[PDB]
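Worth knowing before you read on, the calculation uses all heavy atoms, side chains too, and leaves out hydrogens, waters and symmetry mates. Quick note on labels: first sequence line is chain A, next is B, and so on, each numbered from 1.
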Amino acid sequence: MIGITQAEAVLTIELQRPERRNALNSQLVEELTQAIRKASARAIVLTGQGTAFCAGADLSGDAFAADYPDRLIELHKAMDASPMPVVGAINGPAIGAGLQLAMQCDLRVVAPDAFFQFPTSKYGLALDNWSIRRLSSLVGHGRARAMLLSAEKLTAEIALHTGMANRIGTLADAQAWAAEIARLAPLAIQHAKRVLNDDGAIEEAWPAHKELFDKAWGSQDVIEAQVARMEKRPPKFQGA
Amino acid sequence: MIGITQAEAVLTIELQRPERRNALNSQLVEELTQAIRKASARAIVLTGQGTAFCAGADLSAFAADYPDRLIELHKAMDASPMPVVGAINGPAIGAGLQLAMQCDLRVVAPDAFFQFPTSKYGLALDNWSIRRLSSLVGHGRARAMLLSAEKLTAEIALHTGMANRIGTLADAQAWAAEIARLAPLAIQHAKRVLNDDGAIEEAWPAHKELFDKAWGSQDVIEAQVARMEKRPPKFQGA
Amino acid sequence: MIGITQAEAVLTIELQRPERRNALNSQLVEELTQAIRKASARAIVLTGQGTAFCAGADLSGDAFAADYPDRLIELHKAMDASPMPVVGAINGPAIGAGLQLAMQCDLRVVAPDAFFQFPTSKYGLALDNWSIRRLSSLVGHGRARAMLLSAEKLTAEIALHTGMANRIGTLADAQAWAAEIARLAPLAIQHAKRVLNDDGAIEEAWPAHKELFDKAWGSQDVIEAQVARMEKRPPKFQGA
C-alpha cells in the first residue's frame, strides 16, 4: 500500500511497507504505477516510510507473483513517460529493485545514512541493461564495475560526489525543491526529461547478455545463496 | 566586436561586448567564426572581456540569420585543427554555456558559473548541448541543470571536469603555450574522436516535437510578460 | 617474462620486465595472454614488478616485433572474454599501452605514487577508439580531453575521485579484495562484466578517425619526437 498527499503543486507518493523495508511486490508496484499515471500537480516526490527507501523485491506471500515483472515494466514505463519531474526522496537504503526505482526518479535527495547497492553478485542474479547503463551514467563506469562485480555499496556522500545524489537532505528538503520545480516551465522540463532518458540507457539486451542473464537466473547458485543464508553459513558457489 | 591578439604560437580571441555581458548576436557570432577559421598559431584562447564569459543570446541586427550563424561557429570550432582553451572568466549561461562547451579545454575563474536556465524561460535545447553537458558534469547533475536551472559553480565544475583548471586568462594562456609545443596531428585525431563520441546527435522525432512545442508555446511569452508586470510567471505548460 | 602464483582462489600475474618498466613486447604479451586464458581460480590480480605498472610498448630487440599488434589484440580479446574479474594492482605508472592494459582490467587498486597517462601528444601518436572511449568512461570526458590533447597525468588521488581507481592501496590490498570477489557468484560477475564491456567502447574507428590515425603514425613528427628524445632536446613539430 501507499500514501498519496498533495500540497500546492507537489504530489508526494510514499511507499508504505516499512515492515519489509518497502520491498516491492505485485500490489505495491500496481499502486505506484496508478499513482504516477495521475496527473494539477506539476511535480512528484517519491519516498519511503521507515528506515529504507526500498530494500528490493519480496514476492513471498505475494499470490500474483508471476505478474510482477510485467507490473514493474509498467511502473518504469509510467515513470519514464510521465511529464512530471519525479524527485526521489531517498530516505534510507535503495537496494536491488529499489536502486532501480531510485534511478528512475528524475532527481534525487538522499538521507545521510542511505546507501545504494546492487548485491547481485551475492545472490547470483543478473540485471537488465538499463539498470547497468543508468547506473554507469550516475556513478561513473568505474564505480559501476565495483558495485556490479563486487556488490560495493555507494554511500550518500559518494552518491553526492558522483551525482547519483543531487542533494543530501530529508523529505522536507525534497518537497521544498519540488515546489520550486513546480513553478518552472513544464514543456522545458518535459523536453529535457525525454532527451535525457533517450541517452541510450534504454537498451535491449544483446544475445550474449540474454544468454548470461537466463543462465544466472536459472542457476543452482541462486538457490545456494538463499540456502546459505538460511543455514547461517557462507555460500559455496559453483558457477552453475 | 572581438579582440584578437597573438603571443608566440597562441591566438587569444576576446569577446568584446561587456556592456551586454558578451551576449551573442549575429555580428559577434560571425566575427568569432571568421577569427576561428583564419587562425601560425597552434593553440587558441577564447575568453570574454569584463565580468562575463558569455551571458546568452541577445537579438535586439541581422536576427533571422542568427541560428544558421550559430550553427556555423560551432561547425568551425568542431572542425578546427586548433585546440581551443576556454578561459571562462565569468558566467556562461545559455548560448554562452553552449560556447564554453565547444571549447576543447576550460580554465575557469573562481566566481564563474555555468547554467542552462531554459526551464525558467520555457525554452528547449538542441541534443548536442544536453549530451556534451552530461558528459562534462555527469548525467546526475545534468538532470538538475536542465530540469531545475541549477547553477554549476566553479568548484563543482573542477570536480566533474567541466573545468580542467581553476585559473585566470594568464593561466589559460600559459597552458595554451605548453599545448602549442605538442604534436599537432595527435591533437587533431584525439579532438576528432572525442567530438564524435555521439554528442553530435540528430534530435529524435519526439525530441523535435517537444522542442518546437516549447519554443512556439504561450509560456515563452508569459515568462517575458512576467519580467514586465514585475511578477512571477504562471505557466500553463502550453 | 611473467610471474604467476596462486593463493586461496586468486591468481596473481606479475609483469617481470622491470629493466624496461614492464613495457610490452611480443613475448611479454603472448605470455600474459596464455596466463589469462589458462586461469580453480576465480579472481585475477594483474600487477607489475619494480617501479612501473607498465610504461608503454618497447619492441627493441623483439625478434617477433611485427607479430606484436595481432598479439596485443589477442591479449585484450582474452581479458575481455575471461569469465574472471581481473583486479589491476597498479603499482606504479601506467602509460601508453600500459594505460590501455590497466583499463582492460575489471577493477583497479592503485598505489599512492602511480599515475596514468596517454602521452600521445608528446610523441605524435594516435590511439584506437576503445582507449579513448574507456578512458572517457573512467575519468569523465572533460579530463579525457585534457589527458589526450595535453598529455595530462592522472594522479592516484584524482583517479580515485573519478573512478579510474576503485581504491588506493597496495598489491596486498588488491589480493584481499580479489579473494572476497572470488567467493561471489560467478555467473553474476560474468554477466555484469560482459554488459559493461559492451557499453559501446568497443567501437570501430570512423573513416575520418582512421585517416587521422594513419596520418599521425606515418608523420615525420613521430620521427622528430624519437630523434629529439635520443638527442635530449625539445622536439620541434611541424604538423606533418
Side-chain angles (χ1 to χ4, degrees), chain A residues 99 115-122 132 135-164, chain B residues 138 159-161, chain C residues 10 12-13 42-48 53-54 79-80 82 84-94 98-116 134-140 143-144 147 154-156 158-184 188-190 192-193 195-197 199 201:
Chain A
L99 169 47
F115 70 80
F116 305 74
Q117 189 185 27
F118 277 132
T120 52
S121 69
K122 297 198 166 270
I132 291 175
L135 179 71
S136 303
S137 78
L138 292 167
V139 303
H141 194 84
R143 290 190 175 79
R145 301 189 81 91
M147 288 175 63
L148 295 182
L149 298 179
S150 74
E152 191 171 289
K153 279 164 182 209
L154 177 72
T155 58
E157 276 296 316
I158 310 295
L160 182 66
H161 302 176
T162 70
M164 171 64 84
Chain B
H159 175 105
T160 71
Chain C
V10 177
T12 299
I13 308 177
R42 262 152 193 214
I44 303 162
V45 172
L46 182 57
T47 198
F53 172 75
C54 167
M79 300 177 65
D80 175 77
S82 170
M84 299 173 71
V86 177
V87 182
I90 311 307
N91 58 285
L99 172 44
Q100 198 182 35
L101 174 67
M103 285 198 299
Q104 191 71 75
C105 292
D106 290 301
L107 303 165
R108 277 156 292 276
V109 173
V110 187
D113 283 352
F115 67 82
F116 308 79
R134 176 62 60 242
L135 182 62
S136 303
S137 87
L138 288 176
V139 308
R143 280 177 183 91
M147 285 181 81
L154 178 71
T155 58
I158 302 210
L160 188 74
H161 175 118
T162 70
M164 170 63 86
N166 298 104
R167 309 180 183 179
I168 288 200
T170 65
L171 177 55
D173 299 335
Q175 289 167 145
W177 197 16
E180 301 179 2
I181 296 168
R183 294 186 206 109
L184 294 171
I189 286 169
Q190 281 167 43
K193 183 159 171 174
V195 177
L196 286 164
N197 285 0
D199 72 345

Enquirer: Anything under 30° is parallel, anything over 60° is perpendicular, the rest tilted; go ahead and classify B:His159 against C:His161.
Expert: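 Correct class here is tilted.
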Enquirer: Do C:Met147 and C:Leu135 pass the side-chain contact (heavy atoms from CB on, under 4.5 Å) test, and can you show the C-alpha distance, the side-chain angles, and the key distance before you say yes or no?
Expert: CA-CA 9 Å; C:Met147 285 181 81; C:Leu135 182 62; 3.9 Å; yes
Enquirer: State whether the side chain of C:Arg108 and the backbone N or O of C:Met103 hold a donor-acceptor pair below 3.5 Å, judged by distance alone.
Expert: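 Judged by distance alone, yes, a pair lies under 3.5 Å.
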Enquirer: Could you measure the distance from the CG atom of C:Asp113 to the CD1 atom of C:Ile90? Nearest 0.5 Å is fine.
Expert: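 Answer rounded to 0.5 Å: 14.0 Å.
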Enquirer: Give a yes or no answer on whether the side chain of C:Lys193 reaches the backbone of C:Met84 with a donor-acceptor pair at less than 3.5 Å.
Expert: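 Yes, the answer is positive, given that a donor and an acceptor are paired below the 3.5 Å cut-off.
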Enquirer: Atom CE in C:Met164, atom CD1 in C:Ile158: separation rounded to 0.5 Å?
Expert: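 Separation between the atoms: 12.5 Å.
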Enquirer: I need the A:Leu99 CG to A:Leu154 CG distance, nearest 0.5 Å.
Expert: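 Output value for this atom pair is 8.5 Å.
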Enquirer: Looking at every non-hydrogen atom in both residues, tell me the closest pair between C:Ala182 and C:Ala43 and how far apart they are.
Expert: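 Minimum heavy-atom contact is CB-CB, 4.0 Å.
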Enquirer: Side chains of C:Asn197 and A:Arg145: do they bring a donor and an acceptor to under 3.5 Å?
Expert: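 Yes, side-chain donor-acceptor contact under 3.5 Å.
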Enquirer: Just by distance, do the side chain of C:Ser82 and the backbone of C:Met79 share a donor-acceptor pair under 3.5 Å?
Expert: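 Judged by distance alone, no pair lies under 3.5 Å.
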Enquirer: Looking at every heavy atom in both C:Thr12 and C:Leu171, which two are closest together, and how far apart are they?
Expert: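 Closest heavy-atom pair between C:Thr12 and C:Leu171: CG2-CD1, 4.4 Å.
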Enquirer: For a 4.5 angstrom cut-off between non-hydrogen side-chain atoms, does C:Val45 reach C:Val10?
Expert: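 Yes. Closest side-chain heavy atoms under 4.5 Å.
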Enquirer: Can you find a pair of side-chain heavy atoms, one from C:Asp199 and one from A:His141, that are under 4.5 Å apart?
Expert: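 In contact.
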Enquirer: Do you know the tightest heavy-atom contact between C:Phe53 and C:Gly98?
Expert: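 So the minimum-distance heavy-atom pair works out to CE2-O, 3.7 Å.
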Enquirer: Please answer whether the main-chain N or O of A:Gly142 pairs with a side-chain N or O of C:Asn166 as donor and acceptor at a distance below 3.5 Å.
Expert: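 Yes; judged by distance alone, with no hydrogens or angles, the pair exists.
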Enquirer: Taking all heavy atoms of C:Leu46 and all of C:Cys105, pick out the closest pair and write down the distance.
Expert: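 Closest approach of C:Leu46 to C:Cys105, heavy atoms only: CD2-SG, 4.0 Å.
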Enquirer: So, A:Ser150 and C:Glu180: side-chain donor and acceptor under 3.5 Å apart, yes or no?
Expert: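 Absent: no donor and acceptor within the cut-off.
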Enquirer: Would you compute the distance between atom CD of C:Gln190 and atom OG of A:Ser121 and round it to the nearest 0.5 angstrom?
Expert: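 Here the rounded value is 12.5 Å.
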Enquirer: How far apart are the closest heavy atoms of C:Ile181 and C:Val87, and which atoms are they?
Expert: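 Distance-wise, the nearest heavy atoms are CD1-CG2, 4.3 Å.
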Enquirer: Is there a donor-acceptor pair under 3.5 Å between the side chain of A:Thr155 and the backbone N or O of A:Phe115?
Expert: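 No.
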Enquirer: So which atom in C:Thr47 and which in C:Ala89 form the shortest heavy-atom distance, rounded to 0.1 Å?
Expert: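 In this case the closest contact between C:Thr47 and C:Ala89 is OG1-O, 2.9 Å.
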Enquirer: What I'd like to find out is whether the side chain of C:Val110 reaches to under 4.5 Å of the side chain of C:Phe116, using heavy atoms alone.
Expert: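 Touching, per the 4.5 Å side-chain cut-off.
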Enquirer: Would a distance-only check, ignoring hydrogens and angles, find a side-chain to backbone donor-acceptor pair under 3.5 Å from C:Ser136 to C:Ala144?
Expert: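 Such a contact is absent between C:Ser136 side chain and C:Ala144 backbone.
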Enquirer: Quick one: CG on C:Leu107 to CG on A:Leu148, what's the gap to the nearest 0.5 Å?
Expert: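 The CG atom of A:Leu148 is 10.0 Å from CG of C:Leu107, to the nearest 0.5 Å.
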